[PDB]
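Visitor: Protein chains in written order, with the UniProt record's numbering: chain A, 2 to 103; chain B, 2 to 78; chain C, 1 to 46; chain D, 1 to 93; chain E, 1 to 63; chain F, 152 to 201.
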RNA sequence: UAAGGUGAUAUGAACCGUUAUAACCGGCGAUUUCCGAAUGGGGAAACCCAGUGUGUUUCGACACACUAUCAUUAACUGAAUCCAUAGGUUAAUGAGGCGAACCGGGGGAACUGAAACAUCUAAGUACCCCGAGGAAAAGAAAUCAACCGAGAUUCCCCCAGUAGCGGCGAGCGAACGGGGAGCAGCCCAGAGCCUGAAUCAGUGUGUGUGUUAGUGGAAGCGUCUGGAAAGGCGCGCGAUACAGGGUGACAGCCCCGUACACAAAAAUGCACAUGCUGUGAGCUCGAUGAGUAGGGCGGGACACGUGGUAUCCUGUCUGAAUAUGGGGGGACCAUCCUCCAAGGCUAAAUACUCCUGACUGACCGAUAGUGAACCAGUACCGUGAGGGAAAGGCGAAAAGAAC
């Protein structure tokens, strides 16, 4: 079963700035997630064909690896491993850490 | 082809082996002459692939038994 | 000079075209060796 | 009786041509696409049943397929039928 | 449209092509050239369902 | 000794394997440190080496 | 089975949504244009052009079903010729073409080795053609043996570089017998008694055994160094799982993978039980293997160059007996032993790897390893068959061109 997708928030493990709940703006078929309120990239972009404009940059949020981010545990402000399909009843995520959702 | 069908013979390899004893080929070929018959098993006359000293076998087996064997060998008469 | 090779494809098609090879025993083997090499120019000649 | 309506695989989308798209495209002549398999034998009656109008003259051609695009190895247009059709009135849905 | 109808006989389902879809089947040809229909569901609904009656017409010679 | 179930593992712990007295190997007697051969296995091995 | 998706490069309108067939994927079906086996018939490959059968005139031939060929079997039609046959036709059954290797047959070399060359050898090998099963092929004693016994075949280790052949040279090399892997046996040359019993086959179904589409699978943090930790410090947590790929420096605790546990409406390899449908066991009395065997002439193959040449085969000659009979025991004679030819089926140990699944490297790392890790059997060379290149790894991230 696949991890992260787009509905959950992440705590971040990769070499980017940490200490905030990364909100997933979009998910990519390249194995990456785009997270809001975490990091920025400059990008000035190609100028328009006519003719004189002011200076300005795009300043947009960065994509990071979907395999080095871990989801927020909704209990102690940290990240936790979750597990798949609980041992009793309906088909649901195991939520190993405290056995509770959201 | 060089096939006689009645005695089933085929050409065979063979070496010359005559003086001055060279290892050259010579071969051996059997005979085929073909012949017309009355058989009584048919209202018509028939021609069969047969050979010299091979018609001697028809006297052993009986003409209707050779007519049936050449039929089992796919012959056209 | 003339390098033994004229402009005419009718002279090629009648020997090396698909119908000129697929109908002959050895030409239908050229087509099999072409396929066995992986060569895209299977017979051309048109 | 006689024929079924499967004959009516006739005429495709309009295209641009200086012979039509300048002053004639809603009053005399229009340049159309044509399917890879379609009649040239009953085309005068096929339009009379599918579009319910009459055509006086129509010729079909291909000119040439271009091959020089997106190369890499160069991509082709192929031959496909185009027709110079005298429908004299416009049709859009 | 169904693709299987047990003992209901397919000889009466050819009418779906020869009369009931008639004068609307493929009608966007020549009359629309933009691709801008704004009914991207309808263009998917006028596809594949007409093939299920063709899967059912496999047994049409039965009596 | 050799058990009905307990004849395999530890392995992933590194420099370890579980082994019985049948075909006792000389590498197990030098390629490691203080072997856990028992006060009864020393009697079993004497009967396998004669 | 999941919320992003209508393939991708490529976005987006519109719409399906985010449960009820959004999207994707597996079993087993429906299909699969035109050229190609190619198969109505024909051509300058994808084009053109016909026939029989069914239905019909809204009215210059549609639109569905079928038509190539060999043999076998079945049914039409049909001369000289009365019957008959030859000729003219249709259809089902098996084949057809493309493979990789294994496998049965047909034709069949020469460089070479003999420091040359003719016999010998290269070799029934290559090559070209054909056939055919999942294996082929082999087999159920006229076999071997040695006066004692074995009791169908196949392969492996031996027997043995021995017995032996040979310009006696170069080469070539048994057979008996032994160790092992492995081992149900059976039908015809006809027709009775009495039955459908032995032993199978096809498909269905049940059951076992294997492989499946698919789902689950244990633990960690902060601080420090730095661009950033998987490393240091503080020490904890887990392990059938610290193989492998890694990831921003060295990860068991982040991800994928691994050791492990489950699962299949249903398919399919193997083996039994069993219904249906073909098959049909025993005993008795007949029938009992003939242009064959024995033996000449000339050769081939057998280790064996015809020799003391049996054996196996036969162009050619001669040609039986058929149980006071007949083969063999490496010429021949005798005795004795040992078998009963001239008819088929057939276990398993064995061969190979297109293919499926699991998996590995004291092997190579882009002048290597395949010619090819990449729009490479492409570019390119040649009339052509055929021959055939150059080309790999930014960074954590385009953050990559505002003004």
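Backbone N, C-alpha and C define an ideal beta-carbon position, used for all residues, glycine too.
Residues in its own chain within less than 7 Å of residue 6(A) by CB, not counting five upstream and five downstream?
Guide: 28
Visitor: Nearest-angstrom Cα distance between residue 58(B) and residue 17(B)?
Guide: 31 Å
Visitor: Could you tell me whether the Cβ of residue 12(D) comes closer than 8 Å to any Cβ of chain E?
Guide: Yes, residue 12(D) lies at the interface with chain E (some Cβ there is under 8 Å from its Cβ).
Visitor: Could you pull the DSSP bridge partners for residue 38(B) from this structure?
Guide: Paired residue(s): 47(B).
Visitor: Helix or strand or just coil, what does DSSP make of residue 58(D)?
Guide: Residue 58(D): strand per DSSP, three-state reduction.
Visitor: Kindly list, in the order they appear in chain D, the residues whose Cβ is closer than 8 Å to that of residue 31(E).
Guide: 91, 92, 93
Visitor: Could you name the residues of chain E that residue 4(D) contacts, counting a contact when the two beta carbons are closer than 7 Å?
Guide: 18
Visitor: How many angstroms separate the CA atom of residue 59(D) from the CA atom of residue 40(D)?
Guide: Each residue's Cα considered, the two are about 9 Å apart.
Visitor: Which of the residues in the stretch 26-39 of chain D, read from start to end, lie with their CB under 9 Å from any CB of chain E?
Guide: 32, 33, 35
Visitor: So with CB distances below 8 Å, who are the chain D contacts of residue 28(E)?
Guide: 93
Visitor: What does the Cβ neighbour count give for residue 19(B), buried or exposed, with the cut at 16 atoms within 10 Å?
Guide: exposed
Visitor: Is residue 18(C) helix, strand or coil by DSSP?
Guide: DSSP, reduced to helix, strand and coil, places residue 18(C) within a helical segment of the structure shown.
Visitor: Can you name, in chain order, every residue of its own chain whose Cβ lies under 6 Å from the Cβ of residue 75(D), other than the five neighbours on each side?
Guide: 69
Visitor: Could you tell me whether the Cβ of residue 109(E) comes closer than 8 Å to any Cβ of chain D?
Guide: With chain E running from 1 to 63 in the structure shown, residue 109(E) is simply not present.
Visitor: Sort 156(F), 163(F), 162(F), 167(F) by Cα distance to residue 184(F) and report the nearest one.
Guide: 167(F)
Visitor: Would you list the one or two residues that DSSP bridges to residue 172(F)?
Guide: For residue 172(F), which the question treats as bridged, DSSP gives no partner whatsoever.
Visitor: Alpha helix (DSSP H) containing residue 64(B): first to last residue?
Guide: 64-73
Visitor: Nearest to residue 11(D) by CA position, among 2(D), 24(D), 45(D), is which residue?
Guide: The candidate whose alpha carbon is nearest that of residue 11(D) is 45(D).
Visitor: Assuming residue 19(A) contacts residue 13(A) (C-beta within less than 8 Å), just tell me the rounded distance between them.
Guide: 5 Å
Visitor: Nearest-angstrom Cα distance between residue 51(E) and residue 18(D)?
Guide: 41 Å
Visitor: Quick check: the stretch 84-103 of chain A against the stretch 54-67 of chain A, are there 3 or more CB pairs under 8 Å?
Guide: no
Visitor: In terms of alpha-carbon separation, which member of 7(E), 30(E), 21(E) lies closest to residue 14(D)?
Guide: 30(E)
Visitor: Please give the ranges of any beta strand (DSSP E) in the stretch 37-92 of chain A, keeping only runs that are unbroken, at least 3 residues long and fully inside the region.
Guide: 64-66
Visitor: Can you tell me the Cα-Cα spacing of residue 48(B) and residue 40(B), whole angstroms?
Guide: 10 Å
Visitor: Go through its chain and collect everything with a Cβ distance to residue 181(F)'s Cβ below 6 Å, but skip five positions before and after it.
Guide: none
Visitor: Suppose the cutoff is 7 Å on Cβ atoms and the five residues either side in sequence are ignored; what does the same chain contact list for residue 12(C) look like?
Guide: Contacts found: 45.
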